[PDB]
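Before any questions on binding or motion, here is one chain by itself as structure tokens, the form deposited in one PDB entry.
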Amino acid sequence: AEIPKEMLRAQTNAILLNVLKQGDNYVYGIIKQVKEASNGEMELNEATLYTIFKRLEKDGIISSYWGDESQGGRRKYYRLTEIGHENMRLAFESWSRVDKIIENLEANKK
């Protein structure tokens, strides 16, 4: 229950943070880029993103600001900080190897 949940959370955070590695972005831009990159297989809800963005801004990983702002509406953009990137450096490098590890294990068993 909790273990699988943590895995799904980490994968989502991983993805979201890679989007922000590509550039400052807003919730709808992010949701769209993830839907395209997963071919419709991962369409995130706004509320998921806000809870995630809340935690991540609380852990210093992310920042927010208003980027489009007029009398008819505004849009909040989220940005990966330099400190966030360094916090995540080790976690990203390890992620990049997880797939090798799995394939190797599958090889080295069978």
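Numbers for residues come from their place in the sequence shown, where the first is 1. Throughout, rigid core stands for the largest set of C-alpha atoms superposing within 1.5 Å between the two forms.
Asks: Do the CA atoms of 29 to 37 or those of 60 to 68 have the higher mean B-factor in the entry?
Replies: Going by the record's values, the stretch with the higher mean is 60 to 68.
Asks: Out of 5 to 13 and 84 to 92, which one has CA B-factors that are higher on average in the deposited record?
Replies: In the deposited entry, the stretch with the higher C-alpha B-factor mean is 84 to 92.
If you look for the form deposited in another entry, you will not find it shown, but the lines that follow are about it.
Asks: Inspect the rigid-core superposition and answer whether the C-alpha of residue 96 shifts by 2 angstroms or more between this form and the one not shown.
Replies: Yes, because once the rigid core is superposed, the C-alpha of residue 96 moves 2 Å or more between this form and the one not shown.
Asks: Comparing against this form, do residue 71 and residue 30 have their CA atoms pulled together or pushed apart in the other form? The difference is 3 Å or more.
Replies: Between the C-alphas of residue 30 and residue 71, the gap narrows in the other form (3 Å or more compared with this form).
Asks: Do the C-alpha atoms of residue 25 and residue 71 sit closer or farther apart in the other form than they do here, given a shift of 3 Å or more?
Replies: Between the C-alphas of residue 71 and residue 25, the gap narrows in the other form (3 Å or more compared with this form).
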